[PDB]
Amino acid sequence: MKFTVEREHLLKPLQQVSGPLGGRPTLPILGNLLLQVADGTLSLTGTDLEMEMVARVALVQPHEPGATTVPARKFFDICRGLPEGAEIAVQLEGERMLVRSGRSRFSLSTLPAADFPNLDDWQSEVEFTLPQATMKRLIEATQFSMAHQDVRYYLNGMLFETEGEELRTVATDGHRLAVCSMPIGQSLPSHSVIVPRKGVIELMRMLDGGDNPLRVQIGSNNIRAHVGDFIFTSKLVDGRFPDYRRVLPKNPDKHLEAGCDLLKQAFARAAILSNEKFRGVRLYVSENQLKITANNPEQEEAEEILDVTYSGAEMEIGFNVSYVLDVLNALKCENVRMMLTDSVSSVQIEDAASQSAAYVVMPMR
């Protein structure tokens, strides 16, 4: 195996395929990247046994076919450290891979390509193309509501749902929920799958925000996304996601509307004097007014009064202020609508301008 590539043609690919890797690989080969030269192309693959990221880099300089694996961090740092425009010459020599550029020489220890863990083959059952921006919107709208290391393995990930001309994402940690739906313009069969947390983040970070379309393929137990010369593949979380439809408040007849930033800044100030562990704030709603209060065990007190639009009955309700701030930070819009029922029921929060995303936050004692 031999290739010579310009530094900047290798740097972004190396950074991308190293995504799935950790600082402390469990076994050595999992800290390596698979390098394959075949039919004028260098392929680079990184994996954590659950997902893989693959990059294809075209070879315009002389090359010889073959494959090996080498340490990802060392190989990336070498390439990054070389001067702008450096020509990077690589040659496999059994148990070592040699890297040369100018008068800089490096010998890296290899492990066989034949030992590199391969994701099993599988069959696609649904396929569609969509703008990068749409997948970006779907994930960013909901990512923050995924659980982190919950004993309920099914929540440590994101539901992707195809249904007719709609792609939908759902995320929840049992305390708060986020759902986002976007049109696609192909009619799709009904499928519902759970993408693991780590894979959601990798998918999000592979979107460059240019005009390249994203092509998605989904099987019973795998998902694949192709963007430019990058291919992301992940195993799915083998679980049944609880139904989002049943957690949305049934008849939330008390509607409040107010400016997003005015609400965000008031909650952020009140939060300063909320319980350090539990982060509780109290909302008192009355005619065209929202009063937010916080107090801590030290008997310090914050109060914010805001002009809003509200004509419903007076009520008082408590929330974890971090859950509320997470929603407001994800909306990034002019005005917010909050939909309430009573002091012991969830609130539904949406951008005033659109029902495409919705958030459900349970109240706090």
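Take the two forms, superpose them, and find the largest set of C-alpha atoms that agree within 1.5 Å; that set is the rigid core. Just count from 1 along the sequence shown to find any residue number.
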Inset, instruction - Between 229-237 and 89-97, report the one with more C-alpha displacement in 8 other deposited structures of this protein relative to this form after a rigid core superposition. - result: 89-97
Legend entry - Core-aligned Cα RMS comparison in 8 other deposited structures of this protein - stretch that moves more, 309-317 or 51-59: 309-317
Inset, instruction - Please establish whether a third or more of the other compared PDB entries omit coordinates for residue 13. - result: no
Inset, instruction - Pick between 200-208 and 135-143: the one whose mean CA B-factor in the entry is higher. - result: 200-208
Inset, instruction - Select between 74-82 and 120-128 the stretch whose C-alpha atoms have the higher average B-factor in the entry. - result: 120-128
Inset, instruction - Tell me, please, which of 318, 62, 297, 31 has the highest C-alpha B factor according to the deposited entry? - result: 297
Legend entry - Top residue by Cα temperature factor, when 102, 239, 219, 112 are compared in the entry: 239
Legend entry - CA B-factor placement of residue 87, once the chain's modelled residues are sorted into thirds: middle
Legend entry - residue 178 - which third its CA temperature factor falls in, relative to the rest of the chain: lowest
Inset, instruction - Compare the C-alpha B factor of residue 165 with those of the other modelled residues in its chain, then answer lowest, middle or highest third. - result: highest
Inset, instruction - Divide the modelled residues of the chain into thirds by Cα B-factor and specify which third, lowest, middle or highest, holds residue 26. - result: highest
Legend entry - Ranked against its chain, the third holding the CA B-factor of residue 226: middle
